[PDB]
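I have placed the structure first, in the form of structure tokens, so that the comments after it can refer back to it.
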Amino acid sequence: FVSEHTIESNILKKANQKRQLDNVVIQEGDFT
Amino acid sequence: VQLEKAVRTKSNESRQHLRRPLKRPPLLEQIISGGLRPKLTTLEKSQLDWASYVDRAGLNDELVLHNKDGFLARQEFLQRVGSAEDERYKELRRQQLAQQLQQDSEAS
Amino acid sequence: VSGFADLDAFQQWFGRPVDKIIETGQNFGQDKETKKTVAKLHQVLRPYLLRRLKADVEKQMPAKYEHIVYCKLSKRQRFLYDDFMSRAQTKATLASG
């Protein structure tokens, strides 16, 4: 639940970036 | 004196051609470079968003009126009353203590 | 003295380049010097690391559907929000208590 034209949206924005941050960090697992 | 004159009689300075690649963009850098409005400190980004929303939606006048009435104004009034009665209680305490002290000094 | 690396000594070995390039992920696609630090971190973390996503188990795994719901603002709560926000912008931007 995010309210339009409010502060909350901006906060939400921050979160999403850090999310994809991990998507370009973790590459471990079974090495070739 | 010949070497100094020869060095000072140069071929001017034609190598630069007025280089100025960015460093720094005037307003695009401040507003978006890159994401998250560099040094946004969301309060003022919220300021821009709220001002744009209230202007476009045309809610300015009733908001101004109700804030002229205000909600925090009642809080300020209540805190003023609290400070007033606290000061009155402090004055009563001080005067009673002074009376007790003067009575004790008179007794002894 | 079998210390891994000091909290300050880890700033030279990746660290500042990692959060510099990563937080600027728009240009992270260049991967000229970024790949050096990323590869160094991967090599230095390989001896002690083990991660497996949901790709290992997917034959019977319901997916995740993200949905965002937008909610409006009520009248008196809008009054409250405007009052508080104007008061905060008048106080913080200049002298205050």
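Here's how to read the names in the structure tokens: chain A, B, ... by the order shown, residue numbers from 1 in each chain, ligand numbers from 1 in the order shown.
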For this session: DSSP on the backbone, then: every residue of chain A marked helix (DSSP H, G or I), written as a ChimeraX atom specification.
Result: /A:7-23
Now that the selection is made, can you save its residues with C-alpha atoms as a PDB file, in the first residue's frame?
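Okay, this is what ended up in out.pdb:
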```pdb
ATOM      1  CA  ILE A   7       6.436  10.909   0.919  1.00  0.00           C
ATOM      2  CA  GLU A   8       5.897   7.135   1.114  1.00  0.00           C
ATOM      3  CA  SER A   9       6.390   6.640  -2.631  1.00  0.00           C
ATOM      4  CA  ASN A  10       9.840   8.235  -2.489  1.00  0.00           C
ATOM      5  CA  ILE A  11      10.836   5.911   0.353  1.00  0.00           C
ATOM      6  CA  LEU A  12       9.577   2.943  -1.658  1.00  0.00           C
ATOM      7  CA  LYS A  13      11.749   4.081  -4.562  1.00  0.00           C
ATOM      8  CA  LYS A  14      14.899   3.771  -2.456  1.00  0.00           C
ATOM      9  CA  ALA A  15      14.094   0.189  -1.504  1.00  0.00           C
ATOM     10  CA  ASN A  16      13.742  -1.060  -5.063  1.00  0.00           C
ATOM     11  CA  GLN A  17      17.221   0.110  -6.029  1.00  0.00           C
ATOM     12  CA  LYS A  18      18.908  -1.765  -3.194  1.00  0.00           C
ATOM     13  CA  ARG A  19      16.936  -4.818  -4.306  1.00  0.00           C
ATOM     14  CA  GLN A  20      18.474  -4.913  -7.771  1.00  0.00           C
ATOM     15  CA  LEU A  21      21.759  -4.152  -6.008  1.00  0.00           C
ATOM     16  CA  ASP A  22      21.883  -7.748  -4.808  1.00  0.00           C
ATOM     17  CA  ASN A  23      20.899  -8.872  -8.305  1.00  0.00           C
TER      18      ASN A  23
END
```
For this session: Pick out the chain B residues within 10 Å of chain A. Count only C-alpha atoms. Give them as JSON, numbers by chain.
Result: {"B": [35, 36, 40, 42, 43, 44, 45, 46, 47, 48, 49, 50, 51, 52, 53, 54]}
Those residues you just picked out, can you put them in a file as a tab-separated table (two decimals), in the first residue's frame with N, CA, C and O atoms?
```
chain	number	residue	atom	x	y	z
B	35	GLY	N	19.83	8.92	-10.39
B	35	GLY	CA	18.57	8.81	-9.69
B	35	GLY	C	18.62	9.40	-8.29
B	35	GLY	O	19.67	9.74	-7.75
B	36	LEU	N	17.42	9.55	-7.72
B	36	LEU	CA	17.21	9.94	-6.32
B	36	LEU	C	17.64	11.37	-6.03
B	36	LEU	O	18.06	11.67	-4.91
B	40	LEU	N	18.85	14.28	-2.09
B	40	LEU	CA	17.41	14.55	-2.10
B	40	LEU	C	16.91	14.90	-0.71
B	40	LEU	O	16.20	15.90	-0.53
B	42	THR	N	14.60	13.43	1.40
B	42	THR	CA	13.29	13.41	0.73
B	42	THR	C	12.33	14.53	1.11
B	42	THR	O	11.36	14.78	0.38
B	43	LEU	N	12.56	15.19	2.25
B	43	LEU	CA	11.68	16.27	2.69
B	43	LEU	C	11.43	17.30	1.59
B	43	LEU	O	10.28	17.67	1.33
B	44	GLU	N	12.49	17.77	0.92
B	44	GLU	CA	12.28	18.78	-0.13
B	44	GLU	C	11.77	18.17	-1.44
B	44	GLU	O	11.04	18.84	-2.18
B	45	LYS	N	12.13	16.93	-1.75
B	45	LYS	CA	11.48	16.26	-2.88
B	45	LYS	C	9.99	16.12	-2.61
B	45	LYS	O	9.16	16.33	-3.51
B	46	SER	N	9.63	15.78	-1.37
B	46	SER	CA	8.23	15.79	-0.98
B	46	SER	C	7.63	17.19	-1.06
B	46	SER	O	6.45	17.34	-1.37
B	47	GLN	N	8.43	18.23	-0.79
B	47	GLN	CA	7.96	19.60	-0.94
B	47	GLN	C	7.55	19.86	-2.38
B	47	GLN	O	6.45	20.37	-2.65
B	48	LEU	N	8.42	19.50	-3.33
B	48	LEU	CA	8.11	19.70	-4.74
B	48	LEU	C	6.87	18.90	-5.14
B	48	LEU	O	5.97	19.43	-5.81
B	49	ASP	N	6.80	17.64	-4.72
B	49	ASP	CA	5.67	16.79	-5.10
B	49	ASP	C	4.36	17.34	-4.54
B	49	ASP	O	3.35	17.42	-5.25
B	50	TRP	N	4.36	17.71	-3.26
B	50	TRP	CA	3.15	18.21	-2.62
B	50	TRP	C	2.71	19.54	-3.22
B	50	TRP	O	1.52	19.77	-3.43
B	51	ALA	N	3.67	20.44	-3.49
B	51	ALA	CA	3.32	21.71	-4.11
B	51	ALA	C	2.72	21.50	-5.50
B	51	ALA	O	1.70	22.12	-5.84
B	52	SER	N	3.32	20.63	-6.30
B	52	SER	CA	2.77	20.36	-7.63
B	52	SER	C	1.38	19.75	-7.53
B	52	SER	O	0.47	20.14	-8.28
B	53	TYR	N	1.18	18.81	-6.61
B	53	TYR	CA	-0.12	18.16	-6.47
B	53	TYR	C	-1.18	19.16	-6.04
B	53	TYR	O	-2.29	19.19	-6.59
B	54	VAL	N	-0.87	20.00	-5.05
B	54	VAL	CA	-1.86	20.95	-4.55
B	54	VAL	C	-2.16	22.02	-5.60
B	54	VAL	O	-3.30	22.50	-5.70
```
Exercise. Skipping near chain neighbours, those fewer than 3 positions away, what residues fall within 10 Å of residue 21 in chain C using only C-alpha atoms, listed as a list in words?
Worked result: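 What passes the distance filter is residues 16, 17, 18, 24, 25, 26, 27, 28, 29, 30, 31, 33, 34 and 37 of chain C.
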Include N, CA and C atoms and write out the residues we just selected as a PDB file, in the first residue's frame.
```
ATOM      1  N   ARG C  16      35.380   0.811  -1.325  1.00  0.00           N
ATOM      2  CA  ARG C  16      35.000   2.094  -1.915  1.00  0.00           C
ATOM      3  C   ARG C  16      34.694   1.993  -3.407  1.00  0.00           C
ATOM      4  N   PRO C  17      35.493   1.313  -4.237  1.00  0.00           N
ATOM      5  CA  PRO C  17      35.062   1.119  -5.631  1.00  0.00           C
ATOM      6  C   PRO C  17      33.755   0.356  -5.750  1.00  0.00           C
ATOM      7  N   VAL C  18      33.494  -0.595  -4.850  1.00  0.00           N
ATOM      8  CA  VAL C  18      32.294  -1.419  -4.967  1.00  0.00           C
ATOM      9  C   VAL C  18      31.039  -0.576  -4.779  1.00  0.00           C
ATOM     10  N   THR C  24      26.218   3.729  -8.549  1.00  0.00           N
ATOM     11  CA  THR C  24      26.089   4.378  -9.850  1.00  0.00           C
ATOM     12  C   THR C  24      25.805   3.358 -10.944  1.00  0.00           C
ATOM     13  N   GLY C  25      24.969   2.365 -10.639  1.00  0.00           N
ATOM     14  CA  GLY C  25      24.703   1.242 -11.520  1.00  0.00           C
ATOM     15  C   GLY C  25      24.271   1.580 -12.933  1.00  0.00           C
ATOM     16  N   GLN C  26      23.970   2.854 -13.193  1.00  0.00           N
ATOM     17  CA  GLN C  26      23.663   3.274 -14.555  1.00  0.00           C
ATOM     18  C   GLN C  26      24.860   3.063 -15.474  1.00  0.00           C
ATOM     19  N   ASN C  27      26.059   3.400 -15.003  1.00  0.00           N
ATOM     20  CA  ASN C  27      27.282   3.179 -15.761  1.00  0.00           C
ATOM     21  C   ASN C  27      27.979   1.875 -15.397  1.00  0.00           C
ATOM     22  N   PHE C  28      27.391   1.068 -14.510  1.00  0.00           N
ATOM     23  CA  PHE C  28      27.998  -0.206 -14.141  1.00  0.00           C
ATOM     24  C   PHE C  28      28.076  -1.170 -15.316  1.00  0.00           C
ATOM     25  N   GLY C  29      27.291  -0.942 -16.369  1.00  0.00           N
ATOM     26  CA  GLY C  29      27.368  -1.768 -17.559  1.00  0.00           C
ATOM     27  C   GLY C  29      28.658  -1.626 -18.337  1.00  0.00           C
ATOM     28  N   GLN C  30      29.467  -0.610 -18.027  1.00  0.00           N
ATOM     29  CA  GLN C  30      30.773  -0.474 -18.665  1.00  0.00           C
ATOM     30  C   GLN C  30      31.663  -1.668 -18.341  1.00  0.00           C
ATOM     31  N   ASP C  31      31.770  -2.009 -17.054  1.00  0.00           N
ATOM     32  CA  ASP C  31      32.466  -3.214 -16.597  1.00  0.00           C
ATOM     33  C   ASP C  31      33.906  -3.277 -17.107  1.00  0.00           C
ATOM     34  N   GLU C  33      36.702  -1.405 -15.134  1.00  0.00           N
ATOM     35  CA  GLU C  33      37.320  -1.555 -13.826  1.00  0.00           C
ATOM     36  C   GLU C  33      36.377  -2.154 -12.794  1.00  0.00           C
ATOM     37  N   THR C  34      35.065  -2.089 -13.032  1.00  0.00           N
ATOM     38  CA  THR C  34      34.108  -2.692 -12.109  1.00  0.00           C
ATOM     39  C   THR C  34      34.281  -4.203 -12.044  1.00  0.00           C
ATOM     40  N   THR C  37      37.024  -5.362  -9.486  1.00  0.00           N
ATOM     41  CA  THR C  37      36.644  -5.413  -8.077  1.00  0.00           C
ATOM     42  C   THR C  37      35.624  -6.514  -7.812  1.00  0.00           C
TER      43      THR C  37
END
```
Taking only C-alpha atoms into account, report as a PDB file with N, CA and C atoms, in the first residue's frame which residues of chain C lie within 12 Å of chain B.
```pdb
ATOM      1  N   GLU C  23      26.474   1.858  -6.582  1.00  0.00           N
ATOM      2  CA  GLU C  23      25.461   2.889  -6.381  1.00  0.00           C
ATOM      3  C   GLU C  23      25.262   3.746  -7.622  1.00  0.00           C
ATOM      4  N   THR C  24      26.218   3.729  -8.549  1.00  0.00           N
ATOM      5  CA  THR C  24      26.089   4.378  -9.850  1.00  0.00           C
ATOM      6  C   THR C  24      25.805   3.358 -10.944  1.00  0.00           C
ATOM      7  N   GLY C  25      24.969   2.365 -10.639  1.00  0.00           N
ATOM      8  CA  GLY C  25      24.703   1.242 -11.520  1.00  0.00           C
ATOM      9  C   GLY C  25      24.271   1.580 -12.933  1.00  0.00           C
ATOM     10  N   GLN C  26      23.970   2.854 -13.193  1.00  0.00           N
ATOM     11  CA  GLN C  26      23.663   3.274 -14.555  1.00  0.00           C
ATOM     12  C   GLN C  26      24.860   3.063 -15.474  1.00  0.00           C
ATOM     13  N   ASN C  27      26.059   3.400 -15.003  1.00  0.00           N
ATOM     14  CA  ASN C  27      27.282   3.179 -15.761  1.00  0.00           C
ATOM     15  C   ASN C  27      27.979   1.875 -15.397  1.00  0.00           C
ATOM     16  N   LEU C  73      -6.006  10.215  -0.403  1.00  0.00           N
ATOM     17  CA  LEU C  73      -5.846  10.845   0.900  1.00  0.00           C
ATOM     18  C   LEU C  73      -7.178  11.422   1.349  1.00  0.00           C
ATOM     19  N   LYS C  75      -9.837  13.797   3.590  1.00  0.00           N
ATOM     20  CA  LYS C  75      -9.872  15.254   3.679  1.00  0.00           C
ATOM     21  C   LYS C  75      -9.177  15.763   4.938  1.00  0.00           C
ATOM     22  N   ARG C  76      -9.570  15.250   6.107  1.00  0.00           N
ATOM     23  CA  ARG C  76      -8.973  15.751   7.341  1.00  0.00           C
ATOM     24  C   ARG C  76      -7.541  15.262   7.503  1.00  0.00           C
ATOM     25  N   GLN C  77      -7.239  14.057   7.017  1.00  0.00           N
ATOM     26  CA  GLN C  77      -5.850  13.624   7.000  1.00  0.00           C
ATOM     27  C   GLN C  77      -5.032  14.456   6.020  1.00  0.00           C
ATOM     28  N   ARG C  78      -5.642  14.895   4.916  1.00  0.00           N
ATOM     29  CA  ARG C  78      -4.952  15.812   4.012  1.00  0.00           C
ATOM     30  C   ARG C  78      -4.660  17.137   4.699  1.00  0.00           C
ATOM     31  N   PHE C  79      -5.613  17.638   5.488  1.00  0.00           N
ATOM     32  CA  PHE C  79      -5.370  18.843   6.277  1.00  0.00           C
ATOM     33  C   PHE C  79      -4.198  18.638   7.226  1.00  0.00           C
ATOM     34  N   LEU C  80      -4.189  17.502   7.926  1.00  0.00           N
ATOM     35  CA  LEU C  80      -3.104  17.189   8.853  1.00  0.00           C
ATOM     36  C   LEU C  80      -1.764  17.140   8.129  1.00  0.00           C
ATOM     37  N   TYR C  81      -1.728  16.457   6.983  1.00  0.00           N
ATOM     38  CA  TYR C  81      -0.495  16.315   6.219  1.00  0.00           C
ATOM     39  C   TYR C  81       0.017  17.669   5.754  1.00  0.00           C
ATOM     40  N   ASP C  82      -0.871  18.510   5.221  1.00  0.00           N
ATOM     41  CA  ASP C  82      -0.437  19.813   4.733  1.00  0.00           C
ATOM     42  C   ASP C  82       0.077  20.666   5.887  1.00  0.00           C
ATOM     43  N   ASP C  83      -0.650  20.688   7.009  1.00  0.00           N
ATOM     44  CA  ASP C  83      -0.213  21.482   8.152  1.00  0.00           C
ATOM     45  C   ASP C  83       1.163  21.038   8.627  1.00  0.00           C
ATOM     46  N   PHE C  84       1.329  19.733   8.859  1.00  0.00           N
ATOM     47  CA  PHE C  84       2.603  19.226   9.353  1.00  0.00           C
ATOM     48  C   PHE C  84       3.724  19.479   8.360  1.00  0.00           C
ATOM     49  N   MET C  85       3.449  19.303   7.069  1.00  0.00           N
ATOM     50  CA  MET C  85       4.517  19.374   6.085  1.00  0.00           C
ATOM     51  C   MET C  85       4.951  20.817   5.859  1.00  0.00           C
ATOM     52  N   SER C  86       3.995  21.748   5.817  1.00  0.00           N
ATOM     53  CA  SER C  86       4.339  23.161   5.716  1.00  0.00           C
ATOM     54  C   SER C  86       5.084  23.638   6.957  1.00  0.00           C
ATOM     55  N   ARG C  87       4.636  23.218   8.144  1.00  0.00           N
ATOM     56  CA  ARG C  87       5.341  23.590   9.365  1.00  0.00           C
ATOM     57  C   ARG C  87       6.767  23.044   9.359  1.00  0.00           C
ATOM     58  N   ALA C  88       6.941  21.793   8.929  1.00  0.00           N
ATOM     59  CA  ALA C  88       8.273  21.201   8.881  1.00  0.00           C
ATOM     60  C   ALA C  88       9.163  21.903   7.864  1.00  0.00           C
ATOM     61  N   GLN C  89       8.611  22.267   6.703  1.00  0.00           N
ATOM     62  CA  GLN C  89       9.430  22.922   5.690  1.00  0.00           C
ATOM     63  C   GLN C  89       9.767  24.353   6.085  1.00  0.00           C
ATOM     64  N   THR C  90       8.912  24.999   6.881  1.00  0.00           N
ATOM     65  CA  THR C  90       9.241  26.327   7.385  1.00  0.00           C
ATOM     66  C   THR C  90      10.251  26.269   8.523  1.00  0.00           C
ATOM     67  N   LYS C  91      10.231  25.199   9.320  1.00  0.00           N
ATOM     68  CA  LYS C  91      11.136  25.113  10.461  1.00  0.00           C
ATOM     69  C   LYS C  91      12.517  24.611  10.053  1.00  0.00           C
ATOM     70  N   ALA C  92      12.575  23.482   9.340  1.00  0.00           N
ATOM     71  CA  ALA C  92      13.857  22.851   9.038  1.00  0.00           C
ATOM     72  C   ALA C  92      14.715  23.719   8.126  1.00  0.00           C
ATOM     73  N   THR C  93      14.098  24.380   7.145  1.00  0.00           N
ATOM     74  CA  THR C  93      14.845  25.160   6.164  1.00  0.00           C
ATOM     75  C   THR C  93      15.505  26.398   6.755  1.00  0.00           C
TER      76      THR C  93
END
```
For this session: Enumerate as a list in words the residues belonging to chain A that approach chain C to within 8 Å, with only C-alpha atoms taken into account.
Result: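 That gives the following set of residues: residues 1, 2, 3, 4, 21, 25, 27, 28 and 29 of chain A.
Note that the spacing between CA of residue 36 in chain C and CA of residue 20 in chain C amounts to 13.5 Å.
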Exercise. In Å, with one decimal, what is the gap from CA of residue 76 in chain B to CA of residue 88 in chain B?
Worked result: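 Taking CA of residue 76 in chain B as the start and CA of residue 88 in chain B as the end point, the length is 18.3 Å.
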